[PDB]
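One chain is shown next in structure tokens, namely the form deposited in one PDB entry.
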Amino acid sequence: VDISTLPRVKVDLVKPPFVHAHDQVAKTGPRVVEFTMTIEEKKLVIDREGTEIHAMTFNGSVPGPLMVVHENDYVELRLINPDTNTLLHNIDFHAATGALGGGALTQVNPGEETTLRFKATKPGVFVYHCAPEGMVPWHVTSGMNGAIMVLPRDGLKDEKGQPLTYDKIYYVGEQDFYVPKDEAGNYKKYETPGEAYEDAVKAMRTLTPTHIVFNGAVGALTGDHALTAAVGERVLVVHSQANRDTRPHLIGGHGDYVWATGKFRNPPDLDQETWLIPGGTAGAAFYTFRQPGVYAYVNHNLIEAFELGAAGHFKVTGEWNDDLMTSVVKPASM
């Protein structure tokens, strides 16, 4: 097909955990969906202690934004590496076929840009990440990863083939960081990316993250930035981890329908308490809220969640159901 005959639509991405506007069931035929991302290397404070790292980002955020298209659309990405950056970057889409997911075609020095097109031939949520030859995990574990959702053209389906329609969607990107430590266990600091590289590699080779965070920082999805829902709403949470396994869990809830490895032609797993998203994967979980209050959404290695940062909150509005749960006798001394 002459791709020039297809509709084009442009999207300006939004910052995670929010997701750009889209339609679950495709309202048009196949399209070329145009996205632009600008790489930004920047300092980021990642913890309550004030630890500051040199992050490598797509569009200024960790994770990079969620892109949403439909099966057999074309994704056309304009990738810009401004001359204010220092490093070489590129992009690999796990949704794409060929050329290392695009990485072989998108190497951009500071001051350069490129435009890649690929056909989104498989439905699912997928990781995308930077992957410059010879320094792949350094870029990924500096925050340079996000996800893309390729919806079936007729939307999501349950294990029986019936429609599933979400009311709200959130994108949780989970990031393992490896801040180098000295003999004393203290964080080390670096003056240039080149002076950082070897100790960054050494720290990565411990296979022990110093931080594991949602949305780029300890506590990022809490407080005024807690996720929200109302009782009775259907919520899809897309969760990615570009480098390391995670095991998401909604404390006080479930995954009613879970694609743990993220690919929508498969039936979902039902009624999950916790699910395994392998490193290098995006998964998706659908839940209908049944109770109000605070929930925690965590990686259920609870050390990873509550000591290293992999925990966020939902604040849910509505009526309490005493049939589902009640305090029969409140805590007391007798």
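Residue indices: 1-based, along the sequence shown. By rigid core we mean the largest C-alpha set that fits within 1.5 Å across both forms.
Keep in mind that the form deposited in another entry is missing from the display, and what follows is about it.
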* Structure fact -> The mover among 262, 143, 102, 248 between the shown form and the other one, judged by a CA shift of 2 Å or more on the rigid core, is 102
* If we fit on the core, is the Cα of residue 193 displaced 2 Å or more between the shown form and the other one? -> yes
* For residue 182, decide whether the Cα shift between the shown form and the other one is 2 Å or greater, given a superposition on the rigid core. => yes
* Asked: Given that the distance between the C-alpha atoms of residue 29 and residue 100 changes by 3 Å or more in the other form, do they end up closer or farther than here?
  -> closer
* Structure fact -> Taking the shown form as reference, the Cα pair residue 75 and residue 103 shifts by 3 Å or more in the other form and sits farther
